[PDB]
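Worksheet for the structure shown next.
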Amino acid sequence: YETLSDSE
Amino acid sequence: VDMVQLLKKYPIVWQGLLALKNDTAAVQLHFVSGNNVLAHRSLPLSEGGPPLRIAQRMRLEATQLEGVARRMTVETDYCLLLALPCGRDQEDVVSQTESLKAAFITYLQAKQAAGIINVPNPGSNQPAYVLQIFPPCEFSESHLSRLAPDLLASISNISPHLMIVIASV
């Protein structure tokens, strides 16, 4: 599922 | 959008915000299909519900959709939710819709993917839960009309929304 782009 | 029809079959399971990059959208999640307990155990809260962050993505392929459908036809393994922009008032709703369209809708549809949100089960602390945020694509509405015609009739006007699939494993 890839790795999207949030805040961690 | 009449919730009074749809909530009789599938009521709201969560209300809070979604967050990816730095863009948030306050959304309320109506139950659609699957196991409602999955939502209660996946959707986190403290004050009302911390913003669900999009940490992964599932490229929605025709082949993928087959696999999704396979686990969608088994209500228990997945939960189907309908996230709609929850505004305090009409104006607020517009703003949330506007933000959601640009931040989540446009992005997810641009990727042709599923906004994957990993949550841990309370007490278990294992993020082995996948909330798949599918854009307002034909695939979504097609299953939505079949699974929840009651709520579907409300979302036909608020098409700018997300279809969130909670999958165990």
Eligible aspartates and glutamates near B:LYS21 by straight Cα distance, threshold 18 Å, same-chain separation 8 or greater
A:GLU2, A:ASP6, A:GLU8, B:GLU98
Cα extents of the protein assembly as shown along the three principal axes, largest first, in whole Å?
37, 34, 34
How large is the dipole of the protein assembly as shown about the Cα centre if only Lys and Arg carry +1 and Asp and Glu carry -1, each at its Cβ, rounded to the nearest 20 debye?
340
Given H placed 1.01 Å from N in the peptide plane, which residues other than close sequence neighbours of A:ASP6 have an amide H under 5 Å from its amide H?
B:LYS21
At 4 °C and 1.567 mPa s, what whole-number value in µm²/s does Stokes-Einstein give for the translational diffusion of the range B:91-169, with Rh from the Kirkwood sum over Cα pairs?
95
Quick one: what does P(r) look like for the range B:1-86 with 10 Å bins over all Cα pairs, in whole %?
16, 41, 37, 6
Once label points are set 7 Å from the Cα along Cα→Cβ at both B:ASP2 and B:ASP77, what is their separation, rounded to one decimal in nm?
3.6
Please report the Cα spread of chain B along all three principal axes, rounded to whole Å, starting with the longest.
39, 33, 33
Highest-first arrangement of B:124-134, B:66-76, where packing means the average Cβ count within 10 Å:
B:124-134, B:66-76
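With ideal geometry, Cβ positions are generated from the backbone for all residues, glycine too; neighbour counts draw on all protein chains shown. All of the numbers you see were taken from the coordinates with simple rules; none came from a lab.
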